[PDB]
Amino acid sequence: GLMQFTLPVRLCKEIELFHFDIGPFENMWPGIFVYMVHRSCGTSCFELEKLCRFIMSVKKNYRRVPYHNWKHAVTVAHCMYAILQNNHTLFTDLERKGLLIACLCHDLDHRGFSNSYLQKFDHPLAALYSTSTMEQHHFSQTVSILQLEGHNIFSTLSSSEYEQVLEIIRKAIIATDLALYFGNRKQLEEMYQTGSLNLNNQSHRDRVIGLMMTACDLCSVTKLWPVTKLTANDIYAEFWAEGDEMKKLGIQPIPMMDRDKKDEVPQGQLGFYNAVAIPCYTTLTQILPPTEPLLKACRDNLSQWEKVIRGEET
Ligand SMILES: Cc1nc(C)n2nc(CCc3nc(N4CCCC4)nn3C)nc2c1C
Ligand SMILES: [Mg+2]
Ligand SMILES: [Zn+2]
């Protein structure tokens, strides 16, 4: 009850910044997450014994793939934590509680393959969930873990608060399907510019939380250049394994997934920073001004990729 989680001084200070890296020591990731729920939500948000058991069941249900792993989960929750702490008063007690859990859970039981590969392989999950295949699976895994005995961290919510938090988490996890991002951001763009955007409109909050989710999910483009560059190696290690598997099914993969196109990674990052990342953090900064450092960091990492193409490297 009187039990504060603390971190060493360099972490205590640097965790409050958008560009924090959670480091290579796996056994500290859970302490980092609990520290962020305590500071973001309060020490009374969750019963500690249930939270610890939930965290550890969540961890056990991430797989040892190069990118979509436990490290990605805690990285995406840390970005959400930075967004919530820099916009403290825009969000409900239920949103603060639900969104950090959403981020920890958002890639539960990922196998290192896109929705596309599931559909072309004809994986059972693709018959059960025709669109946002892995994302419906991720939410479904969250609900399973919440139903294990001693794991309902939401046990002290009312019946209707419980349904509202599970609904925030479901929409939050669905929005990490980058196929849904383009339309969501277009609509947020136009609503902000015509002045229609209204944070009391529940379906407007929905779109805004959806964009925050895309921002946190892509936050590897907002880190120090060495973290950005080394994560990109993990990201392509999955995409090229998928490409390999596509060729095994008799199908030319898209260039993004073809390891024969290593040479063009720099230009593919440019495309990605211009088509996805910059627009994402641009719209998020307009809507929530205190998230600007994500935009500025993204812009800095785009310059680093231009530098790689030009022969300077950094
Ligand atoms: C955080 C993050 N999240 C996602 C989903 N991605 N996706 C990428 C691939 C971008 C890409 N590469 C290529 N090819 C074309 C030929 C060689 C490379 N084309 N495109 C578009 N990078 C990221 C990052 C950094
Ligand atoms: Mg995902
Ligand atoms: Zn993700």
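Quick note: numbers on chain A are straight from Swiss-Prot, i.e. 724-1037, in order.
Technique stated in the header: X-ray crystallography, 2.3 Å.
For all residues, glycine too, the Cβ spot is worked out from N, Cα and C.
Summarising the annotation, Swiss-Prot assigns 3',5'-cyclic GMP binding site to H791, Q992 and lists experimental evidence as the type of evidence. Annotation comment: Swiss-Prot describes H791 as active site, proton donor, evidence class similarity to another entry. Per Swiss-Prot, divalent metal cation 1 binding site is recorded for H795, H829, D830, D940, and the stated evidence type is experimental evidence. What Swiss-Prot lists as divalent metal cation 2 binding site is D830.
Here the features listed in Swiss-Prot are placed on the structure.
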residue: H791; record: 3',5'-cyclic GMP binding site; contacts (Cβ under 8 Å, 6+ apart): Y785, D830, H833, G835, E961
residue: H795; record: divalent metal cation 1 binding site; contacts (Cβ under 8 Å, 6+ apart): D830
residue: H829; record: divalent metal cation 1 binding site; contacts (Cβ under 8 Å, 6+ apart): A796, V799, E858, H861, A895, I896, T899, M936, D940
residue: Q992; record: 3',5'-cyclic GMP binding site; contacts (Cβ under 8 Å, 6+ apart): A955, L1025, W1028
Cβ neighbour count within 10 Å of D940 (divalent metal cation 1 binding site): 22
Per DSSP, three-state class assigned to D830 (divalent metal cation 1 binding site): coil
Cβ packing number for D830 (divalent metal cation 1 binding site), 10 Å threshold: 25
CB-centroid shell, 8 A cutoff, divalent metal cation 1 site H795, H829, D830, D940, site residues removed: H791, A796, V799, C826, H833, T899, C939
Neighbourhood of ligand 3 - binding-site residues from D830, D940, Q992 with Cβ under 6 Å: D830, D940
